[PDB]
Each structure stands twice: as structure tokens, then as C-alpha cells.
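K.L.:
Dropping the structure in here first, questions after.
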Amino acid sequence: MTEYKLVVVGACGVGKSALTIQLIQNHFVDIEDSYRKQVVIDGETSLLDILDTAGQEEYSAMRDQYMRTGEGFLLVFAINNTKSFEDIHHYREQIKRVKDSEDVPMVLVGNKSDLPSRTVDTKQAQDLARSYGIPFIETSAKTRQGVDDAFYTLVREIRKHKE
Ligand SMILES: Nc1nc2c(ncn2[C@@H]2O[C@H](COP(=O)(O)OP(=O)(O)O)[C@@H](O)[C@H]2O)c(=O)[nH]1
């Protein structure tokens, strides 16, 4: 069985845990930072091993391990959090440094899309993802919009990389 090590990175409060809980446990409530579940993606059985991290948590050694062995990364910001969008470049640069590669599978995720407060335009996000050469997916952990698509797209980016 193929295992995919995934890391979900982004500023505190953008909804990394909520997105992963929705994916793995199929619910939303308005704790766990690591998750592990077998799913079927395009007919292929995959074990997803997932860490959520803002890079400010106490277990730095574990974080660095996951960062080094992470095969794909979700770069998460919230559409009502301009600072979290601005932080994305820092996170991408950090991943590139630790992986020591310019071709690391990543997906840009704009979460909280159900909320009417928006300070980051979809155009801004699309433009950034284009510059990085990665997909952009709008999500809501609350409504489930885009949640499977975000993670499954990432798994597909990993497969394309391994080809
Ligand atoms: N309305 C809405 N709230 C969300 C969404 N995702 C997360 N939240 C809320 O945002 C807050 C922070 O989410 P959390 O998963 O803890 O963020 P994390 O620090 O990135 O892991 C919590 O109150 C969540 O309920 C979303 O898509 N929509």
C-alpha cells in the first residue's frame, strides 16, 4: 500500500486542523495536529499521514522530520486573513530550503470560502499559484467545499512528481 506523507502549512487560525478533520473525520465544529487514514484516490489505496503545522509549535524536531520527508504540502491561507496570504511566500521558501529542491509538490489553498468577509481576492491567489506553478483550490472546512479536491489534487501532484 502506497503511503503519502502530507504536511499542511499556514498561519495559525487559517483552518488547517479543521480542513484535515473534515477530510479524515468528516465533521466540523466551530485539537489533534497529526492524522492517519487510508483512503482510495482514483482507485488507488493510499495511506495519508498528515501533519498540520504553523511552524511555531513546541515539537520542532518532529516538524523538521515531517518537513524533510513530506512528499507534498498544502499552503493554506484564509480568504479573510490578508496576513496569512502574505505569509505563504515564507512557508514556500522554508519548504524549498529544507527539501533542497525547486520541484516540491504543493497546492495553494484559500480556506474559509463560505465567509462573507473577504480581504484576499480569488485573482490574487490565482496569480500567486500561477507564479509558483501549482494548483489553487478554494475551500471551506465548514461546508466541505473543495476539501477532498485539495488533498486529492496534492496526491496527484505527488504522483506526477514521482513519474
Ligand atoms: N467559517 C469557517 N470557519 C473555519 C473554517 N476553517 C476553520 N474555521 C474556524 O477557524 C478557527 C481556526 O481553525 P483551526 O482549524 O483551529 O486553524 P489552524 O490553527 O490552522 O489549525 C476555528 O474556530 C475553526 O472553527 C472554514 O472553512 N470556515
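Along the chain as shown, the residues are counted starting at 1.
Placement of Cβ uses the backbone N, Cα and C atoms for every residue, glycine included.
Take a look at what Swiss-Prot says about it:
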type	residues	note
MOD_RES	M1	N-acetylmethionine
MOD_RES	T2	N-acetylthreonine
MOD_RES	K99	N6-acetyllysine
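Describe each of these features in terms of where it is and what it packs against.
P.N.:
In the three-state DSSP reading, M1 (N-acetylmethionine) counts as coil.
The number of other CB atoms found within 10 A of the CB of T2 (N-acetylthreonine), across every protein chain shown, is 12.
With a 10 A radius on its CB, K99 (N6-acetyllysine) counts 16 other CB atoms from all the protein chains.
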K.L.:
For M1 (N-acetylmethionine), which residues in the same chain are close in space, meaning a Cβ under 8 Å from its Cβ, but six or more apart along the sequence?
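P.N.:
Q38, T45, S46, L47 - these are the non-local Cβ neighbours of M1 (N-acetylmethionine), listed in sequence order.
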K.L.:
I'd like to check the chain gap: with 5 residues not modelled between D30 and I31, what is the distance in angstrom between their CA atoms?
P.N.:
12
K.L.:
In DSSP terms, helix, strand or coil for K99 (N6-acetyllysine)?
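P.N.:
Once the DSSP labels are grouped into three classes, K99 (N6-acetyllysine) ends up as helix.
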K.L.:
Pop the Cα-Cα gap between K99 (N6-acetyllysine) and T2 (N-acetylthreonine) into the table, whole Å please.
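P.N.:
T2 (N-acetylthreonine) to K99 (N6-acetyllysine), Cα-Cα distance: 21 Å.
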